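coords_23.cif (mmCIF, C-alpha atoms) appears below.
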data_coords
loop_
_atom_site.label_atom_id
_atom_site.label_comp_id
_atom_site.auth_asym_id
_atom_site.auth_seq_id
_atom_site.Cartn_x
_atom_site.Cartn_y
_atom_site.Cartn_z
CA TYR A 1 0.00 0.00 0.00
CA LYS A 2 1.10 3.60 -0.57
CA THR A 3 2.36 5.64 2.41
CA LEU A 4 -0.41 7.79 3.87
CA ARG A 5 -0.17 10.86 6.03
CA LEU A 6 -2.12 13.78 7.41
CA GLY A 7 -4.07 15.47 4.63
CA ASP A 8 -4.35 12.44 2.34
CA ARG A 9 -7.85 11.62 1.07
CA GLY A 10 -9.44 8.77 -0.82
CA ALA A 11 -10.07 5.06 -1.03
CA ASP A 12 -6.66 4.20 0.45
CA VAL A 13 -7.49 6.31 3.53
CA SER A 14 -10.88 4.68 4.11
CA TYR A 15 -9.11 1.31 3.78
CA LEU A 16 -6.62 2.46 6.43
CA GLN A 17 -9.44 3.66 8.70
CA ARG A 18 -11.17 0.24 8.42
CA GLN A 19 -7.88 -1.54 9.27
CA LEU A 20 -7.37 0.73 12.29
CA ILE A 21 -10.95 -0.04 13.43
CA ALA A 22 -10.26 -3.79 12.96
CA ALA A 23 -7.26 -3.25 15.27
CA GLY A 24 -9.46 -1.53 17.91
CA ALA A 25 -9.73 2.15 16.86
CA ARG A 26 -12.88 4.28 16.97
CA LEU A 27 -13.08 6.36 13.77
CA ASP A 28 -15.52 7.79 11.27
CA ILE A 29 -14.78 6.06 7.95
CA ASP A 30 -14.78 9.21 5.81
CA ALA A 31 -11.63 8.72 3.67
CA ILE A 32 -9.99 11.84 5.25
CA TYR A 33 -6.66 11.42 7.03
CA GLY A 34 -7.16 14.15 9.59
CA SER A 35 -6.10 14.51 13.20
CA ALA A 36 -8.33 11.71 14.49
CA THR A 37 -6.96 9.28 11.90
CA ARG A 38 -3.39 10.43 12.65
CA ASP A 39 -3.99 9.97 16.40
CA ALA A 40 -5.30 6.49 15.71
CA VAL A 41 -2.22 5.62 13.65
CA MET A 42 -0.09 6.96 16.52
CA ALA A 43 -2.00 4.95 19.12
CA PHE A 44 -1.76 1.84 16.95
CA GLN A 45 1.97 2.31 16.42
CA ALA A 46 2.67 2.93 20.10
CA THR A 47 0.78 -0.10 21.31
CA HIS A 48 2.30 -2.50 18.69
CA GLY A 49 6.01 -1.56 19.12
CA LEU A 50 6.29 0.71 16.10
CA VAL A 51 7.60 4.25 16.05
CA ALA A 52 4.57 6.47 16.83
CA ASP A 53 4.89 9.10 14.11
CA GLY A 54 1.30 9.08 12.83
CA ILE A 55 2.48 8.19 9.31
CA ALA A 56 1.05 5.02 7.79
CA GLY A 57 4.12 3.83 5.93
CA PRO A 58 5.32 0.34 4.94
CA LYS A 59 6.17 -0.70 8.50
CA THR A 60 2.79 0.33 9.86
CA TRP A 61 1.02 -1.33 6.91
CA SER A 62 2.87 -4.57 7.56
CA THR A 63 1.74 -4.68 11.22
CA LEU A 64 -1.66 -3.39 10.48
CA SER A 65 -2.37 -5.89 7.65
CA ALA A 66 -0.44 -8.97 8.93
CA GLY A 67 0.42 -8.47 12.62
CA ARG A 68 4.10 -8.84 11.80
CA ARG A 69 6.82 -6.66 13.27
CA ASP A 70 10.46 -6.93 12.17
CA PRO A 71 12.67 -7.03 15.29
CA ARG A 72 15.36 -5.02 13.34
CA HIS A 73 13.00 -2.02 13.22
CA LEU A 74 13.20 0.92 15.54
CA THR A 75 10.60 1.20 18.32
CA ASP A 76 9.19 4.09 20.43
CA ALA A 77 11.23 2.75 23.33
CA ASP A 78 14.44 3.16 21.32
CA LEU A 79 13.57 6.85 20.82
CA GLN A 80 12.97 7.26 24.55
CA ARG A 81 16.35 5.68 25.23
CA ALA A 82 17.97 8.05 22.73
CA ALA A 83 16.28 11.03 24.45
CA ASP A 84 17.73 9.87 27.76
CA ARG A 85 21.17 9.37 26.24
CA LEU A 86 21.16 12.85 24.71
CA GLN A 87 19.32 14.67 27.52
CA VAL A 88 17.05 16.02 24.79
CA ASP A 89 13.28 16.42 25.03
CA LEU A 90 11.62 13.26 23.63
CA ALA A 91 9.57 15.38 21.21
CA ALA A 92 12.83 16.72 19.78
CA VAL A 93 14.17 13.18 19.28
CA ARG A 94 10.92 12.16 17.63
CA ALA A 95 11.21 15.19 15.33
CA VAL A 96 14.81 14.36 14.41
CA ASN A 97 13.93 10.76 13.78
CA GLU A 98 11.01 11.74 11.55
CA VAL A 99 12.89 14.28 9.51
CA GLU A 100 16.48 12.99 9.46
CA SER A 101 16.09 9.24 9.31
CA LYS A 102 15.93 7.50 5.94
CA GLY A 103 13.11 5.53 7.61
CA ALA A 104 14.12 2.04 6.63
CA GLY A 105 17.68 1.44 7.88
CA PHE A 106 17.88 -1.74 5.79
CA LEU A 107 17.48 -2.56 2.14
CA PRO A 108 14.85 -5.12 1.19
CA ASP A 109 17.69 -7.70 0.93
CA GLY A 110 18.44 -7.17 4.63
CA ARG A 111 21.75 -5.29 4.43
CA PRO A 112 21.99 -1.80 5.87
CA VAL A 113 21.31 1.21 3.63
CA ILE A 114 24.65 2.66 2.49
CA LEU A 115 26.20 5.31 0.35
CA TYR A 116 29.80 4.95 -0.69
CA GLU A 117 31.79 8.22 -0.95
CA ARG A 118 34.69 8.01 -3.40
CA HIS A 119 36.09 11.38 -2.30
CA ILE A 120 36.28 10.14 1.28
CA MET A 121 37.91 6.90 0.05
CA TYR A 122 40.50 9.10 -1.67
CA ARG A 123 41.03 10.88 1.65
CA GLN A 124 41.30 7.71 3.77
CA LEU A 125 43.79 6.09 1.37
CA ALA A 126 46.04 9.20 1.47
CA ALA A 127 45.95 9.23 5.31
CA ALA A 128 46.73 5.47 5.35
CA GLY A 129 50.03 6.22 3.54
CA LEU A 130 44.46 4.61 -7.52
CA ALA A 131 42.19 7.53 -8.57
CA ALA A 132 43.61 7.22 -12.11
CA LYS A 133 43.23 3.39 -12.07
CA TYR A 134 39.69 3.41 -10.58
CA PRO A 135 38.10 6.88 -11.21
CA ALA A 136 34.48 5.86 -10.43
CA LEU A 137 35.58 4.50 -7.00
CA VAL A 138 38.46 6.69 -5.95
CA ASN A 139 38.25 10.37 -6.82
CA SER A 140 38.80 13.82 -5.27
CA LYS A 141 35.48 14.73 -6.97
CA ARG A 142 32.34 13.66 -5.11
CA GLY A 143 29.70 11.47 -6.70
CA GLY A 144 29.45 8.36 -8.90
CA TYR A 145 26.61 7.10 -6.67
CA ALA A 146 24.44 4.17 -7.78
CA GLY A 147 22.09 3.89 -4.82
CA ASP A 148 20.22 1.06 -3.16
CA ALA A 149 21.69 -2.46 -3.48
CA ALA A 150 24.03 -1.33 -6.30
CA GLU A 151 26.00 0.61 -3.66
CA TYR A 152 27.20 -2.74 -2.31
CA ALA A 153 28.85 -3.47 -5.68
CA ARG A 154 30.75 -0.18 -5.38
CA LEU A 155 31.63 -0.94 -1.72
CA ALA A 156 32.74 -4.51 -2.66
CA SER A 157 35.09 -3.06 -5.33
CA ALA A 158 36.43 -0.42 -2.99
CA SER A 159 36.94 -3.08 -0.32
CA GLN A 160 39.38 -4.91 -2.63
CA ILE A 161 41.53 -1.74 -2.60
CA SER A 162 41.36 -1.44 1.19
CA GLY A 163 38.69 -3.03 3.38
CA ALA A 164 38.98 -0.68 6.34
CA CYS A 165 39.20 2.46 4.19
CA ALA A 166 36.19 1.50 2.08
CA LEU A 167 33.98 0.98 5.19
CA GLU A 168 35.25 4.30 6.58
CA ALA A 169 34.28 6.00 3.29
CA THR A 170 30.71 4.66 3.46
CA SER A 171 27.65 6.00 5.31
CA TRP A 172 25.57 3.47 7.21
CA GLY A 173 22.02 2.90 8.27
CA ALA A 174 18.98 5.03 8.89
CA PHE A 175 21.08 8.10 9.85
CA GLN A 176 23.83 7.59 7.29
CA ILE A 177 26.70 7.89 9.75
CA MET A 178 30.08 7.85 8.03
CA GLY A 179 32.19 4.87 8.95
CA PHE A 180 35.27 7.07 9.57
CA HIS A 181 33.62 8.25 12.80
CA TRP A 182 33.99 4.74 14.37
CA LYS A 183 36.95 5.78 16.54
CA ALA A 184 35.52 9.15 17.62
CA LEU A 185 32.30 7.37 18.56
CA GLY A 186 33.97 4.76 20.72
CA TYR A 187 33.59 1.65 18.62
CA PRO A 188 36.41 -0.97 18.82
CA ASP A 189 37.26 -0.73 15.07
CA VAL A 190 35.45 0.00 11.76
CA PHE A 191 34.47 -3.68 11.36
CA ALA A 192 32.71 -3.71 14.72
CA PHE A 193 30.93 -0.47 13.78
CA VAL A 194 29.69 -2.01 10.55
CA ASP A 195 28.67 -5.23 12.32
CA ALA A 196 26.54 -3.12 14.66
CA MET A 197 24.97 -1.30 11.71
CA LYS A 198 23.96 -4.73 10.32
CA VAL A 199 22.16 -5.82 13.51
CA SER A 200 19.28 -3.37 13.88
CA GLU A 201 17.92 0.12 13.43
CA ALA A 202 18.43 0.56 17.18
CA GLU A 203 22.18 0.18 16.62
CA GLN A 204 21.97 2.62 13.71
CA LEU A 205 20.22 5.15 15.98
CA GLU A 206 22.91 4.50 18.65
CA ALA A 207 25.48 5.60 16.07
CA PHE A 208 23.52 8.79 15.55
CA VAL A 209 23.30 9.36 19.31
CA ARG A 210 27.07 8.91 19.64
CA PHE A 211 27.66 11.16 16.62
CA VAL A 212 25.65 13.95 18.19
CA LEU A 213 27.27 13.42 21.60
CA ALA A 214 30.68 13.81 19.92
CA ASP A 215 29.79 17.30 18.66
CA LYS A 216 28.96 19.49 21.64
CA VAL A 217 27.88 22.42 19.46
CA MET A 218 25.48 20.20 17.55
CA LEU A 219 24.28 18.59 20.76
CA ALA A 220 23.61 21.99 22.29
CA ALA A 221 21.72 23.08 19.18
CA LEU A 222 19.53 20.02 19.43
CA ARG A 223 18.97 20.37 23.15
CA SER A 224 17.98 24.02 22.75
CA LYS A 225 15.76 23.24 19.69
CA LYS A 226 17.78 25.54 17.46
CA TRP A 227 16.52 23.77 14.36
CA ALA A 228 18.16 25.84 11.67
CA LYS A 229 21.50 25.64 13.44
CA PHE A 230 21.14 21.89 14.02
CA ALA A 231 20.14 21.37 10.40
CA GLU A 232 23.06 23.46 9.12
CA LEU A 233 25.51 21.48 11.27
CA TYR A 234 23.94 18.09 10.55
CA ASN A 235 22.68 18.39 6.94
CA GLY A 236 25.25 20.97 5.81
CA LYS A 237 25.12 24.31 4.01
CA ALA A 238 22.22 23.32 1.69
CA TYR A 239 19.89 22.40 4.61
CA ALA A 240 17.35 25.11 3.68
CA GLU A 241 16.84 23.86 0.11
CA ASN A 242 15.29 20.67 1.48
CA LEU A 243 13.40 22.42 4.30
CA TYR A 244 15.19 20.44 7.05
CA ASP A 245 15.08 23.37 9.46
CA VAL A 246 11.39 24.00 9.16
CA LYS A 247 10.46 20.34 8.94
CA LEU A 248 12.25 19.77 12.24
CA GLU A 249 10.56 22.83 13.80
CA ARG A 250 7.09 21.84 12.69
CA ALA A 251 7.57 18.17 13.60
CA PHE A 252 8.72 19.17 17.07
CA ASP A 253 5.61 21.35 17.50
CA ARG A 254 3.46 18.34 16.48
CA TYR A 255 5.13 16.00 18.94
CA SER A 256 5.12 18.58 21.73
CA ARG A 257 1.36 18.96 21.23
CA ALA A 258 0.75 15.17 21.00
CA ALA A 259 2.62 14.52 24.29
CA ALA A 260 0.53 17.22 26.08
#

Just give me the structure of the file as structure tokens.
Amino acid sequence: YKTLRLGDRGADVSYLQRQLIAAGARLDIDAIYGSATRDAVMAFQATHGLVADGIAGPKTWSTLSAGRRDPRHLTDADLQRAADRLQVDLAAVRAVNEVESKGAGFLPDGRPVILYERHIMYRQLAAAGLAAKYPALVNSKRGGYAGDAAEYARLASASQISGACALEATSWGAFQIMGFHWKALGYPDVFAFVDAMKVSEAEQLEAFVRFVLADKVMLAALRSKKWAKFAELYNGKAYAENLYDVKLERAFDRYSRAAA
């Protein structure tokens, strides 16, 4: 089923509303995904170990249609743990998770979502002591991305140049944490970092938590709900073009309201 959210209308919404009612909700079946429908999705998610974001996406649909929950998927309780780790208001963590996560931390084939960065590979190889031989894989210029499972082909090729460097030059999981942070974030080595990324979305969120903890300016921005500053630090100079700042701000308002 297609992902549904606040403001959606139509046959897919009435189908959702019926499924929510079958799972115990009380709703008017009017094909309008308004606040009552959103609240019901949230209540359903919370009670079935999903992330309670009020968005009926593929994870919610899977539980709602088949009663299945993948144990690799992030839960509400993981977000509460992250809020405790960060000393950040839970609503702020929920907002960050909604806006900044890729959502699914794993590809359909079960491996973590990755993006291999040939310009970082270039950098890690130089620091360890090729760009002409393998220009798509090693390059001072950014890019060459394939995406999705095809990234693993690029990673596999890079790994044959240097296994540690290639993992360091790749971003991992739902928050796309660069492997080269493994040391800064207190992991034993890059292989252990990657192994953790393969276990669960909870581990992928833990990487994000550590990443934020390692940058006190970023941490402070998050704690103080300085969304534009957090987005600039986290997403980079082009944060505004994708509305990260305002999406965070408006998500946080939603979650602050919901918790009240």

Report the distance between atom CA of residue 72 of chain A and atom CA of residue 106 of chain A in Å, rounded to one decimal place.
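Computed distance, atom CA of residue 72 of chain A to atom CA of residue 106 of chain A, equals 8.6 Å.
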
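Remark: for residue 50 of chain A, the closest of the candidate residues A:139, A:124, A:256, A:63 is A:63 (distances computed over all atoms listed in the file).
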
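Point (-10.5, 4.6, -2.4) has the following residues at most 12 Å away: residues 1, 2, 8, 9, 10, 11, 12, 13, 14, 15, 16, 17, 18, 29, 30, 31 and 32 of chain A (atoms considered: all atoms listed in the file).
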
To one decimal place in Å, what is the distance between atom CA of residue 94 of chain A and atom CA of residue 41 of chain A?
15.2 Å

Would you place a box with edges along x, y and z of the file around all atoms of segment 174-191 of chain A listed there, add 6 Å to each of its six sides, and report the centre and edge lengths in Å to one decimal, as AutoDock Vina command-line options?
--center_x 28.1 --center_y 2.7 --center_z 14.0 --size_x 30.3 --size_y 24.8 --size_z 25.4
